[PDB]
Ligand SMILES: [Zn+2]
Ligand SMILES: [Zn+2]
């Protein structure tokens, strides 16, 4: 049962309490969510997330043409 056993969506590993963060309602390690095109550790601070994939703002703009915003 998931109570104190959260499973991560950015690396699918069970997240431990200190690392258990919730970005965009997805529960994961604060340390793991990187861009799906480049393993850029964009975790918590400046990131662009999409259903399924976490993307860096530059790649998100080019590849998905969704958000990004890097003085753009
Ligand atoms: Zn993770
Ligand atoms: Zn990227």
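One-based numbering along the chain as shown.
For all residues, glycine too, the Cβ spot is worked out from N, Cα and C.
Here is what Swiss-Prot says about this protein:
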- 6-66: domain 'LIM zinc-binding' (DOMAIN)
- 8, 11, 29, 32: Zn(2+) 1 binding site (BINDING)
- 35, 38, 56, 59: Zn(2+) 2 binding site (BINDING)
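Listed in sequence order, the residues of the same chain lying 6 or more apart from residue 11 (Zn(2+) 1 binding site) and placing their CB within less than 8 Å of its CB are 28, 29, 32, 33.
Taking 29, 32, 35, 56, 59 as the candidate binding-site residues, the subset whose CB lies under 6 angstroms from any atom of ligand 1 consists of 29, 32.
With respect to Cβ neighbours within 10 Å, the binding-site residues 8, 32, 35, 38, 56 differ, and 38 shows the lowest count. For ligand 2, the binding-site residues lying close by, meaning a CB under 6 A from one of its atoms, are 35, 38, 56; the full candidate list was 8, 35, 38, 56. Secondary structure at residue 59 (Zn(2+) 2 binding site), taken from DSSP and collapsed to helix, strand or coil, is helix. There are 18 other Cβ atoms within 10 Å of the Cβ belonging to residue 59 (Zn(2+) 2 binding site).
Here the Cβ of residue 29 (Zn(2+) 1 binding site) has 20 other Cβ atoms within 10 Å, regardless of which shown protein chain they belong to. Rounded to a whole value, the Cα-Cα separation of residue 56 (Zn(2+) 2 binding site) and residue 8 (Zn(2+) 1 binding site) is 19 Å.
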